[PDB]
Number of protein chains: 2
Amino acid sequence: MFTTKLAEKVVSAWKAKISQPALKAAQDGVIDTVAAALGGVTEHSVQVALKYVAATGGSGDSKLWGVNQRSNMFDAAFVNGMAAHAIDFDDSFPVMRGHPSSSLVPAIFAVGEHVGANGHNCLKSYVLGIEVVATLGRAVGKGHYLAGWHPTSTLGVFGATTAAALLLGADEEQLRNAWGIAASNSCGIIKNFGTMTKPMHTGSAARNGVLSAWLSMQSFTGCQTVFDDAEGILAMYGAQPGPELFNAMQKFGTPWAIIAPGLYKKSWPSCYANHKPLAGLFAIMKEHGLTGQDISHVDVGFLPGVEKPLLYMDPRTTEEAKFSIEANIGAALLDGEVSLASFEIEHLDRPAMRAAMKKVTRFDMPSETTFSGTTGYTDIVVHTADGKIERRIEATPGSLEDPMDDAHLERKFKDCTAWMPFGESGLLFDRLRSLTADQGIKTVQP
Amino acid sequence: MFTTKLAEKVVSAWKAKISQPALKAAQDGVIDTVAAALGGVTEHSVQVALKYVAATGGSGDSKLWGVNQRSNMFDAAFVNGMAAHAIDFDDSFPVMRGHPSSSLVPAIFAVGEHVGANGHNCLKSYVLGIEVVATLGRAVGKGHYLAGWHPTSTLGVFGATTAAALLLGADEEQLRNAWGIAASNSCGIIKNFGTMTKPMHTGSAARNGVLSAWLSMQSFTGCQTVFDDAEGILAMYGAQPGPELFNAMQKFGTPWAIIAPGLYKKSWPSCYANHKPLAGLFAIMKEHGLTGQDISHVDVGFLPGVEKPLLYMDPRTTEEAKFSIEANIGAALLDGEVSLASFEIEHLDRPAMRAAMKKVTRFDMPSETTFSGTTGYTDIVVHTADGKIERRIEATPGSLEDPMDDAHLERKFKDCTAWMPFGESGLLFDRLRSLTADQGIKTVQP
């Protein structure tokens with residue numbers, strides 16, 4: 001009954017009004033995700049995605065973000081989902097231990113443009129796709145990520161499917177069906193972190209979410225109970241029989257997970273496991289009046305489960321650097337900031353950068369439970385002329401405890417779109433903000 | 001380590017000649033797979049796949065089987081993969097516990113047509129794709145299927161990737177890269193059996209295999225050690241990482257797995273778990289001179305692990321019936337045969353068919369280990385007016401112990417293509433066989 005109940009909750013909510021705060025949360029998620037995408041459109045991964053579109057000989061009217069080109073909705077969702085994750089700057093969501101918006105927002109744009117949808121419905125579909133992935137993440141728990149799966153795509157695909165299906169006009173049956181199709185297209189592994197395959201996870205999840213929904217509307221069948229039982233995808237991913245499943249569903253919309261705990265907005269284009277350490281380092285530098293020239297070493301601690309994604313101690317590519325605490329803290333020490341340019345290959349290969357990276361060491365922080373990059377707390381030690389400065393960082397930057405405010409999000413957008421021609425970034429920012437006023441999503445044209 | 005050693009073996013074999021029996025085995029595989037596809041091109045799943053192609057606006061020179069249409073190689077692989085598996089009449093491969101040819105052969109035609117490949121290289125790519133999937137199958141063991149995944153696609157994607165890569169000109173590095181990409185596109189679950197999503201598994205695997213290969217040739221990166229260690233996909237699927245992995249590839253090409261145990265060709269369009277039961281029933285009917293009217297009941301036994309895919313005792317769709325021993329034995333009883341028309345919805349819905357299905361029941365056969373529909377043995381009991389006939393069926397139809405010979409494979413092709421315009425089936429049969437003569441694959445045009 002879990003799958004049936006979830007589709008009832010989603011479709012019933014779809015037919016009802018949704019709160020101003022939820023729509024505002026969704027609006028901000030859109031702006032952050034498009035910023036993240038536009039900051040990454042020159043990456044090789046996205047350029048190759050564009051080449052793929054050329055190779056398909058395909059055509060259509062869904063906008064490929066950052067370029068004056070359109071294609072069919074499936075391939076647009078692929079390209080834009082790739083772009084949304086290309087520099088690891090898009091949001092996280094601790095309930096899922098992953099990045100839901102880099103599949104969901106691309107899917108919503110691709111389908112929304114196709115069907116001529118307006119902003120309230122688009123935003124509502126985001127709210128509901130996030131509620132679905134929150135419910136599934138709660139069901140699955142911590143084991144799925146620890147076992148080597150990337151929940152970003154393995155669970156993200158269901159978010160994308162949900163919003164696509166709703167926009168396409170799915171009823172409960174069609175929605176249940178679409179989730180069944182998606183479950184057989186649920187994939188992505190952690191060993192591909194530090195490669196271009198990581199943004200493919202979200203490209204594929206967006207495309208597959210759109211495709212799964214569209215197929216469902218064509219009377220193409222899949223399992224309508226795919227979340228249920230030992231044979232269902234949740235159990236396969238480690239959901240335990242008992243109350244976990246019942247606990248998960250009890251949340252629904254009271255409050256919406258897009259509000260609480262909400263989407264965590266990244267201050268730096270790198271793995272969240274870097275971010276409490278960076279916050280702490282910068283706070284120490286500011287408070288004590290230290291530059292990196294005044295710091296001889298930094299020790300960065302990690303709770304159980306947190307270090308997993310940071311695969312590279314000596315990263316050699318732009319992608320690897322985002323999964324290196326050495327590169328993150330190294331750049332912070334060298335430049336006094338971490339920016340879009342920090343992980344560009346020319347910056348990464350500076351002799352001075354490689355020197356700074358050698359100032360950084362990792363250590364284990366003891367605990368009886370496991371945590372993630374967006375949860376728990378971090379201990380750092382900053383070594384200086386006058387001794388060691390110890391600090392515990394309790395708030396994750398971007399969480400409700402250290403939220404990104406309007407001014408911060410606007411500056412992120414600006415920085416990610418600095419390459420756009422005169423005036424075009426501001427105009428796009430304004431159009432993005434008009435979704436709240438029920439403007440046609442096709443008018444936005446990121 | 002395992003991944004690098006496997007790519008070395010594949011590329012070394014690629015550059016060498018392969019034996020005639022390997023070539024023949026590949027040739028027969030192509031013919032069986034195209035037969036199976038051409039028998040299923042009218043299924044709603046394929047019809048929807050063709051609607052998808054129309055929706056993409058895609059174009060190219062990869063032919064779509066059974067229709068006068070061509071598209072790009074990715075979408076042709078998708079459509080023809082869907083078609084190859086649409087009525088469950090394609091081959092099985094015990095070492096993988098799945099259907100490798102329904103992703104491999106579509107990928108080979110799509111890529112081969114694109115690059116103007118000749119028959120010997122096409123057939124060689126098939127042999128090597130099969131050798132890779134045999135290797136991975138041996139490494140993962142029995143647990144993966146039993147845990148709810150469909151090895152047909154989860155492992156089959158690597159077959160398709162290997163062949164596509166080789167045809168596109170991959171070296172070792174690019175092959176290793178392609179596997180990495182493909183590993184994040186490994187998916188498909190058993191709970192979708194009896195729905196249109198099952199043949200999507202093979203369409204998706206074929207397309208993803210072609211895409212992973214293509215992407216690798218564009219310097220799009222994935223993990224180059226993706227089958228190694230606990231973090232690799234084989235361990236994730238239950239293999240024992242470390243040195244023990246190399247036992248999986250100790251006799252690579254000696255003999256080729258495409259020869260021993262070989263591809264198992266189906267005599268009936270349904271799950272293999274139905275097939276020893278049917279062979280037994282027909283033998284008893286023939287030996288004892290019994291028609292279905294002479295038989296009041298049939299008991300069908302299943303060793304541990306074997307019954308798993310037969311999800312439906314009361315199938316209500318064409319797809320469900322293929323996963324129902326009741327439907328299979330029912331149709332055998334009523335008509336004295338099982339054919340392509342047996343599982344069409346009008347035949348399934350016959351009151352006399354529904355009555356015959358009620359004569360069938362299932363039972364467990366004891367063992368300390370688990371088996372599959374292409375291994376072990378089957379006990380059946382046929383009930384007649386005089387008493388009960390028990391029979392143990394030791395050989396799986398299509399295995400080396402009960403192989404499909406040339407005359408039978410040609411008959412299967414004929415039956416699957418009888419709808420074609422007058423003379424075209426034979427013309428196509430001859431063109432398919434021209435691959436053995438190193439003709440250009442582009443001439444074949446299924």
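Naming: A, B, ... by sequence-line order, numbering from 1 per chain.
- If you measure heavy-atom distances from B:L311 to chain A, you find no contacts under 4.5 Å at all.
- When all heavy atoms of A:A77 and A:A206 are compared, the closest pair comes out as O-CB, 3.4 Å.
- The closest side-chain heavy-atom distance from B:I233 to B:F158 is below 4.5 Å.
- At a threshold of 4.5 Å between non-hydrogen side-chain atoms, the residues A:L348 and A:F343 do not count as touching.
- Under the 4.5 Å side-chain criterion, counting only non-hydrogen atoms from C-beta, A:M196 is not in contact with A:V48.
- For chain A, the option among B:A55, B:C223, B:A49 with the highest count of heavy-atom pairs below 4.5 Å is B:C223.
- Of the listed residues (A:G188, A:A183, A:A235, A:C187), the one with the most heavy-atom contacts under 4.5 Å to chain B is A:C187.
- Looking at A:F220, the atoms closer than 4.5 Å to chain B (heavy atoms on both sides) sit in the backbone and in the side chain alike.
- For CE of A:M217, the number of neighbouring non-hydrogen atoms (other residues, nucleotides, ligands) closer than 6.0 Å is greater than 12.
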For chain A against chain B, print all donor and acceptor atom pairs separated by less than 3.5 Å.
unit_1: A:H44; atom_1: NE2; unit_2: B:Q218; atom_2: O; d: 3.0
unit_1: A:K51; atom_1: NZ; unit_2: B:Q218; atom_2: OE1; d: 2.8
unit_1: A:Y52; atom_1: OH; unit_2: B:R207; atom_2: NH2; d: 2.8
unit_1: A:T56; atom_1: O; unit_2: B:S59; atom_2: N; d: 3.0
unit_1: A:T56; atom_1: O; unit_2: B:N72; atom_2: ND2; d: 3.1
unit_1: A:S59; atom_1: N; unit_2: B:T56; atom_2: O; d: 3.1
unit_1: A:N72; atom_1: ND2; unit_2: B:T56; atom_2: O; d: 3.0
unit_1: A:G180; atom_1: O; unit_2: B:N192; atom_2: ND2; d: 2.9
unit_1: A:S184; atom_1: O; unit_2: B:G188; atom_2: N; d: 3.2
unit_1: A:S184; atom_1: OG; unit_2: B:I189; atom_2: N; d: 3.2
unit_1: A:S184; atom_1: OG; unit_2: B:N192; atom_2: ND2; d: 2.7
unit_1: A:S184; atom_1: OG; unit_2: B:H201; atom_2: NE2; d: 2.6
unit_1: A:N185; atom_1: OD1; unit_2: B:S204; atom_2: OG; d: 3.4
unit_1: A:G188; atom_1: N; unit_2: B:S184; atom_2: O; d: 3.3
unit_1: A:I189; atom_1: N; unit_2: B:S184; atom_2: OG; d: 3.2
unit_1: A:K191; atom_1: NZ; unit_2: B:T225; atom_2: O; d: 2.9
unit_1: A:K191; atom_1: NZ; unit_2: B:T225; atom_2: OG1; d: 3.3
unit_1: A:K191; atom_1: NZ; unit_2: B:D228; atom_2: O; d: 2.9
unit_1: A:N192; atom_1: OD1; unit_2: B:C223; atom_2: N; d: 2.7
unit_1: A:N192; atom_1: ND2; unit_2: B:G180; atom_2: O; d: 2.8
unit_1: A:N192; atom_1: ND2; unit_2: B:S184; atom_2: OG; d: 2.9
unit_1: A:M196; atom_1: N; unit_2: B:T221; atom_2: O; d: 3.3
unit_1: A:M196; atom_1: N; unit_2: B:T221; atom_2: OG1; d: 2.9
unit_1: A:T197; atom_1: N; unit_2: B:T221; atom_2: O; d: 3.1
unit_1: A:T197; atom_1: OG1; unit_2: B:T221; atom_2: O; d: 2.9
unit_1: A:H201; atom_1: NE2; unit_2: B:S184; atom_2: OG; d: 2.6
unit_1: A:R207; atom_1: NH2; unit_2: B:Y52; atom_2: OH; d: 2.9
unit_1: A:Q218; atom_1: O; unit_2: B:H44; atom_2: NE2; d: 2.9
unit_1: A:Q218; atom_1: OE1; unit_2: B:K51; atom_2: NZ; d: 2.7
unit_1: A:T221; atom_1: O; unit_2: B:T195; atom_2: OG1; d: 3.4
unit_1: A:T221; atom_1: O; unit_2: B:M196; atom_2: N; d: 3.3
unit_1: A:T221; atom_1: O; unit_2: B:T197; atom_2: N; d: 3.2
unit_1: A:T221; atom_1: O; unit_2: B:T197; atom_2: OG1; d: 2.9
unit_1: A:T221; atom_1: OG1; unit_2: B:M196; atom_2: N; d: 2.9
unit_1: A:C223; atom_1: N; unit_2: B:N192; atom_2: OD1; d: 2.8
unit_1: A:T225; atom_1: O; unit_2: B:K191; atom_2: NZ; d: 2.9
unit_1: A:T225; atom_1: OG1; unit_2: B:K191; atom_2: NZ; d: 3.3
unit_1: A:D228; atom_1: O; unit_2: B:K191; atom_2: NZ; d: 2.9

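- Between atom CG of residue A:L211 and atom CE of residue A:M73 there is a gap of 8.5 Å, rounded to the nearest 0.5 Å.
- With sequence neighbours excluded, the residues satisfying side-chain contact (heavy atoms from CB on, under 4.5 Å) with A:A239 are A:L234.
- Closest approach of A:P309 to A:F193, counting heavy atoms only: CB-CE2, 3.7 Å.
- The closest side-chain heavy-atom distance from A:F78 to A:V210 is not below 4.5 Å.
- The part of B:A147 that comes within reach of chain A is its backbone (N, CA, C, O), which places non-hydrogen atoms under 4.5 angstrom from that chain.
- When heavy atoms are compared at a cutoff of 4.5 Å, A:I190 does not approach chain B at all.
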